[PDB]
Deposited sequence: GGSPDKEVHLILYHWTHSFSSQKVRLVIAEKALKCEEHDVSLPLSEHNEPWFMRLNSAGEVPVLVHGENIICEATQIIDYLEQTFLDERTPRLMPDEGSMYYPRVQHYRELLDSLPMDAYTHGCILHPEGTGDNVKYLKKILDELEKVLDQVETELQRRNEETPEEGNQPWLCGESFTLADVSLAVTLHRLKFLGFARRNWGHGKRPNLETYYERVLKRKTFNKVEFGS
């Protein structure tokens, strides 16, 4: 029971990731929606910016047995694998699918080529995730992406999937015969109560 402050943009993608971690870790936090772009966490005299650095801080700093851990031990068996999927998902340029990376009309020729690149990049990441979720299925007599416990890889995936639904990508990328494990996963995430709150 410590008093954290979080300054965020309530509809931003970074904000949803950080607030989900904070809900999962069951931490008290006074939230300030400062919209009118990258989040800021204050913990007494410590001031941490950017979702990934805020989340890493929250994991290292709150070691109380009462607060759950979203990661296994750094020398544990499956830490490298969870770190791998969390970085994979966190590398997707989620803000770039709508407009690309060049907005001026005079770079349309190259913007559409960049949009192809990242959209092919997105297809492989989701394909890689769907095989991993099948491997988990083939070992269930129920587990999340990397193992039995909800994890930072699952935080990045739940929010990444929610974000892709919002942008109109879900219909062509899971359900209706396509990537059935992702559909089940997203359906399970929506019912989780920490995610529902955000």
>> Going by C-alpha coordinates, which parts of the deposited sequence are missing from this model?
In response: 1 to 6, 43 to 59, 165 to 168, 226 to 229
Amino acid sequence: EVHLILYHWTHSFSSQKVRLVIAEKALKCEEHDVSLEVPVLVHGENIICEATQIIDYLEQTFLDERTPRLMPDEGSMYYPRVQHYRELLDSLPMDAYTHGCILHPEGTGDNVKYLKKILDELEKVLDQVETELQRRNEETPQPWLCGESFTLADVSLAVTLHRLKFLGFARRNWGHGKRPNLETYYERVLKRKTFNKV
From here on, numbers count along this sequence of modelled residues.
> On average, are the C-alpha B-factors higher in 65 to 73 or in 153 to 161?
Replying inline: 65 to 73
> Per the PDB record, is the mean Cα temperature factor higher over 132 to 140 or over 51 to 59?
Replying inline: 132 to 140
> Out of 78, 85, 114, 97, which shows the largest CA B-factor listed in the entry?
Replying inline: 78
>> Per the entry's values, where does residue 167 land by CA temperature factor relative to the rest of its chain, in the lowest, middle or highest third?
In response: lowest
> Mind checking which third residue 34 falls in for C-alpha B-factor across the chain?
Replying inline: highest
> By its CA B factor, does residue 176 count among the lowest, middle or highest third of the modelled residues in the chain?
Replying inline: highest
>> Split into thirds by Cα B-factor across the chain's modelled residues, where does residue 19 land: lowest, middle or highest?
In response: middle
> Taking the entry's C-alpha B-factors for this chain, is residue 145 in the lowest, middle or highest third?
Replying inline: middle
